[PDB]
Amino acid sequence: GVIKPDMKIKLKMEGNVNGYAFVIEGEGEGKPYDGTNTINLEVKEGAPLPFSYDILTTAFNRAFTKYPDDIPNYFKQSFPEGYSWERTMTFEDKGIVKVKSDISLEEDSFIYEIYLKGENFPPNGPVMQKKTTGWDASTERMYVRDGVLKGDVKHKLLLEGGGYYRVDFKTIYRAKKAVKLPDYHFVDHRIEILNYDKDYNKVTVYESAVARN
Ligand SMILES: [Cl-]
Ligand SMILES: [Cl-]
Ligand SMILES: [Cl-]
Ligand SMILES: [Cl-]
Ligand SMILES: [Cl-]
Ligand SMILES: [Pd+2]
Ligand SMILES: [Pd+2]
Ligand SMILES: [Pd+2]
Ligand SMILES: [Pd+2]
Ligand SMILES: [Pd+2]
Ligand SMILES: [Pd+2]
Ligand SMILES: [Pd+2]
Ligand SMILES: [Pd+2]
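Residue -11 is where the sequence shown starts when you use our numbering, and the numbers rise one by one after that.
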């Protein structure tokens, strides 16, 4: 078909967090049916980033999700035409991240065009102070509204020193063609920074995702 068992990844993110502009480019690979993917990121403008890299990582494609055969796959059906998504992340100290991403396909490589805005982060908060230590494993509730798929995550970031920092995710996924719509289901996530140079100019992100009834 169009979605191979091995697919490459290319992306560009143009970002602005509390007024600080930056550009990140990435390349990687994954196994869509296994629900795993790795992306190697480079900061192109804005290095070194003056905020927590964790607020970017979940922006760096649910095509990479293991789906049981009996739950229709909203994301894989959308190709070759593809899909786009938009996300609002609300942090417990009133910081906000807004993301738009367009996911397209060429040959055996996905292409992401990402725009990300962060705002209202307290100067002394864990994001601006770079005091976060990654995301917990999460469960995203997927449900259909207005002919598109929506996703909810009551998430938390882990903090340096053992604390935690709650974040609500709301995502809207929009296929660029008609597909068989699934009903209420869950996607379990695990996302991790595998390695980084000092100040995170070069970072590798790994994610696994599995859907379930
Ligand atoms: Cl492989
Ligand atoms: Cl949204
Ligand atoms: Cl190839
Ligand atoms: Cl918890
Ligand atoms: Cl069941
Ligand atoms: Pd393979
Ligand atoms: Pd290429
Ligand atoms: Pd480069
Ligand atoms: Pd662009
Ligand atoms: Pd805004
Ligand atoms: Pd700042
Ligand atoms: Pd420290
Ligand atoms: Pd809604």
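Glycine included, C-beta positions come from ideal geometry on N, C-alpha and C.
Please state whether DSSP places residue i in a helix, a strand or coil.
| i | result |
| --- | --- |
| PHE157 | strand |
| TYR188 | helix |
| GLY113 | coil |
| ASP176 | strand |
| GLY150 | coil |
| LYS0 | strand |
| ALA166 | coil |
| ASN183 | strand |
Compare the Cα-Cα distances from residue i to each of the options and report the closest residue.
| i | options | result |
| --- | --- | --- |
| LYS105 | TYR161, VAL85, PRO38, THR120 | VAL85 |
| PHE157 | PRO110, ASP140, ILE99 | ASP140 |
| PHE48 | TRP123, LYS142, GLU195 | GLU195 |
| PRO38 | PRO111, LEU137, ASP176 | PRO111 |
| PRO(-7) | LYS64, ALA35, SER92 | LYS64 |
| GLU80 | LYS142, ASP58, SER66 | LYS142 |
How would you write the range of the beta strand (DSSP E) that residue i sits in, first residue to last?
| i | result |
| --- | --- |
| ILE(-9) | Premise fails: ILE(-9) is in no beta strand (DSSP E) and is neither H nor E. |
| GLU107 | 97 to 107 |
| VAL87 | 84 to 94 |
| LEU137 | 136 to 147 |
| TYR131 | 126 to 133 |
Would you list, in sequence order, the uninterrupted beta strand (DSSP E) runs of no fewer than 3 residues that lie entirely inside the stretch 5 to 80?
8 to 19, 24 to 33, 71 to 79
Anything with a beta carbon under 6 Å from a heavy atom of ligand 1 counts; list them all in chain order.
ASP(-6), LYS19
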